[PDB]
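Single chain ahead, by itself, as structure tokens, in the form solved without this ligand.
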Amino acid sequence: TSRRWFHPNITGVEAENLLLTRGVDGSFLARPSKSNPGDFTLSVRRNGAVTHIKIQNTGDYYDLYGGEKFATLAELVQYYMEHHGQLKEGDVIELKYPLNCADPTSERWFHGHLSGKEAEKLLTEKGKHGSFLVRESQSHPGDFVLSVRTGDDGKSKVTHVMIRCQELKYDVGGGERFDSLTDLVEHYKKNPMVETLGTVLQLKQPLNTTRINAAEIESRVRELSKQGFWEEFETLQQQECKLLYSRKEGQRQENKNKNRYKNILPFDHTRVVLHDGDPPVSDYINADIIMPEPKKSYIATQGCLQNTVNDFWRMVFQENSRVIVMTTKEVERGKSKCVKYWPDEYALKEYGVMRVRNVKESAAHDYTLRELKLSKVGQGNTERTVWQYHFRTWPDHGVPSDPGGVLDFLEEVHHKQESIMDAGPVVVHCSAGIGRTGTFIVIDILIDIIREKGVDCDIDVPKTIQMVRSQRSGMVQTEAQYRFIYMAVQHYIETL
């Protein structure tokens, strides 16, 4: 739950030097890769030396070189910290001691270069009782300032507390000295400073710095392009450790082969439970209800395996879904993503107790549309049309350069969904069901707000992503997908 082992601004040489002087055999940290941006490096110390393991993420999952594939860095660390003997270098290396980071740049409450007047301006417009921030010092270079709002919602005040940096330790002028600003902040959240006149300086929540008005999107993107996108994303990534809910149902022996990737699993409290099977384990599918928080919901799931095809159609029928969104080709760069789970055009196939007819195909440039009729074998009045939107112009590397094709796609998907009475969640899948799947769903949630409320509405991209990640681990995988979400929201605003 710490995630302090991730160092955002460290190099390979600084990683070796930090592990050789402050760490011991078994100490580790994780950092961005400097040789190949977009990837990550796990730096472990063993037998008095440091080894560096490559962690790739092209948009679908974190892939440990010589290891396994994971939905988040936190889950990768947590896995190998409890599965010693599994991390192979080809000797075995252990993750014993997280080397914690003292750089507070990825913290929600850290602002850096900020004046006192501006700190009061931001805490006035967006802050409430307990909102706080930590900024670099105005009057005393090297020091820091803690600015807290206290009042009721001239009944409120902003209090500034100086934070001296003495010998690489931090203090508020008296008491204990801390090795990092994070340690000082975590101390004074649990034991808040009390003023002479009784005012308790509670540090309830950090000040929101990402919620913007939809009309300010062009300004915000220009500010994040001069880089701000990387910092805003890694601040979101630091909060994935609060989303380590139980995934025990996917870890069962009976459900191991129902996952495309053994470690990328749904949460127990949001997974799709399948009812009425055959009496072993017939209730499991690697899928999660995504509910934004009528209201449009989503089922984020993985690409189909050969042995989960029947389970897929049971889910579509049981959840009453009428629209399926497919975010990858059947085959991409020679590797099999989704297996074909639909019949050829005009053909009829039976998948277990479910019966699917491919009625018509319509081929646009960005996607293929397939009108399918799904029914339960042997029953009348169970037939419903399911519309499959197979997006096929997503590039093999990175994100699309122009978000227009994705938006027009989503616009079509949304109107067909709205046209069907009592439609269930929209199914979005392919590959591991977290990368492209999360990007499509997050864009569609934000674009939904703008479509119904116009340009005068607050959007908060990291808050929307974090809310989605609590229902399926790893939704939105890379910093390029994060930027693409902004680009798509901005492009939708401009076409209004």
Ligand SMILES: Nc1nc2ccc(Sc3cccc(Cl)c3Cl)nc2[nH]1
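Note that residue numbering begins at 1 and tracks the sequence as displayed.
Colleague: Our gap detector needs a label for residue 293 to residue 294. Which class matches the unmodelled residues of the deposited sequence there: none, 1 to 3, 4 to 9, or 10 or more?
Modeller: According to the record, 4 to 9 deposited residues lack coordinates from residue 293 to residue 294.
Colleague: Deposited residues absent from the coordinates between residue 226 and residue 227, none, 1 to 3, 4 to 9, or 10 or more?
Modeller: Going from residue 226 to residue 227, the model skips 4 to 9 residues of the deposited sequence.
Colleague: If you average the CA temperature factors as listed in the entry, which stretch comes out higher, 430 to 438 or 28 to 36?
Modeller: The recorded data point to 28 to 36.
Colleague: Quick check on the record: does 12 to 20 or 478 to 486 carry the larger mean Cα temperature factor?
Modeller: The deposited B-factors put 12 to 20 ahead on the C-alpha mean.
Colleague: I'd like to know which of 208, 385, 327, 196 has the highest C-alpha temperature factor in the PDB entry.
Modeller: Out of 208, 385, 327, 196, the record gives the largest C-alpha B-factor to 196.
Colleague: Please pick out which of 396, 249, 345, 412 has the largest Cα B-factor as recorded in the entry.
Modeller: In this record, 396 carries the highest C-alpha B-factor of the candidates.
Colleague: Lowest, middle or highest third: which one holds residue 456 when the chain's residues are ordered by CA B-factor from the entry?
Modeller: It falls in the top third of the chain.
Colleague: Based on the deposited C-alpha B factors for this chain, I'd like to know if residue 46 is in the lowest, middle or highest third.
Modeller: CA B-factor rank for residue 46: highest third.
Colleague: What third of the chain, by the recorded C-alpha B-factor, contains residue 136?
Modeller: Highest third - that is where residue 136 ends up once the chain's C-alpha B-factors are sorted.
Colleague: Which third, lowest, middle or highest, does the CA B-factor of residue 352 fall in along this chain?
Modeller: Lowest third - that is where residue 352 ends up once the chain's C-alpha B-factors are sorted.
Colleague: Can you work out whether the C-alpha temperature factor of residue 158 puts it in the lowest, middle or highest third of the chain?
Modeller: Highest third.
Same protein, other form: the form solved in complex with this ligand, not shown, and the subject of what follows.
Colleague: Since only the chain is shown here, I'm wondering whether residue 235 would be in contact with this ligand in the deposited bound form (any heavy atom pair within 4.5 Å).
Modeller: It does: once this ligand is placed as it appears in the deposited bound form, residue 235 has a heavy atom within 4.5 Å of it.
Colleague: With the partner left out of view, is residue 466 within 4.5 angstroms of this ligand in the deposited bound form by any non-hydrogen atom?
Modeller: Yes, contact at 4.5 Å.
Colleague: Would residue 67 count as a contact of this ligand in the deposited bound form, using a 4.5 angstroms cut-off between non-hydrogen atoms?
Modeller: Taking the distances in the deposited bound form, the answer for residue 67 is no, it never comes within 4.5 Å of this ligand.
Colleague: Check residue 199 for me: does it contact this ligand in the deposited bound form (non-hydrogen atoms, 4.5 angstroms)?
Modeller: Residue 199: no, not in contact with this ligand in the deposited bound form.
Colleague: Going by heavy atoms within 4.5 Å, which of 372 to 380, 315 to 323, 236 to 244, 339 to 347 lines up against this ligand in the deposited bound form?
Modeller: Correct option: 236 to 244.
Colleague: Could you spot which one of 282, 137, 210, 368 gets a heavy atom to within 4.5 Å of this ligand in the deposited bound form?
Modeller: That would be 210.
Colleague: So which of 384, 355, 108, 260 gets a non-hydrogen atom within 4.5 Å of this ligand in the deposited bound form?
Modeller: It is 108 that has a heavy atom within 4.5 Å of the partner.
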